[PDB]
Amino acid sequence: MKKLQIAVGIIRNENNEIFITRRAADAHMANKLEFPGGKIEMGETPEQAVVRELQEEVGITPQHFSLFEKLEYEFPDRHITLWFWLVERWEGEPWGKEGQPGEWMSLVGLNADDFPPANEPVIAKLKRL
């Protein structure tokens, strides 16, 4: 199975809400809620990838962010390594820049069952902040 490195951004506003998008029906992890992000490309770093991915997907440039968690997860047909960056400062206003559903969701209300199973420990850890 293929192996992927994925960088994602946990976009947290001052009201303890996270900007969450919903994956397309024909995507891997179809219809799941997700932190915006995507594949780290050859020649770019995990830090550069989360910036580029958030610019492409939601129209913001994250800045002064931190690595919240890094973990590996084995899906039925692929192995991924996820870099979860906590993004508390950014330029712009996040939106569905690729036409995808996005909205702000209270951290306390997040349901890990709505996200890919790889996100379980991250969602739990976020709720302890």
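In this text, residue numbers run from 1 along the sequence as written.
Mean temperature factor over C-alpha atoms, higher-scoring stretch between 87-95 and 46-54: Mean CA B-factor is higher for 87-95.
Given 30-38 and 58-66, the range whose Cα B-factors average higher in the PDB entry: Between 58-66 and 30-38, it is 58-66 that shows the higher mean C-alpha B-factor.
Chain-relative CA temperature factor third for residue 114: Ranked within chain, residue 114 CA B lands in the middle tercile.
Assigned third (lowest, middle, highest) for the C-alpha B factor of residue 20: Bottom third by C-alpha B-factor.
Position of residue 108 among the chain's modelled residues by C-alpha B-factor, lowest, middle or highest third: Tercile = highest for this residue's CA B-factor.
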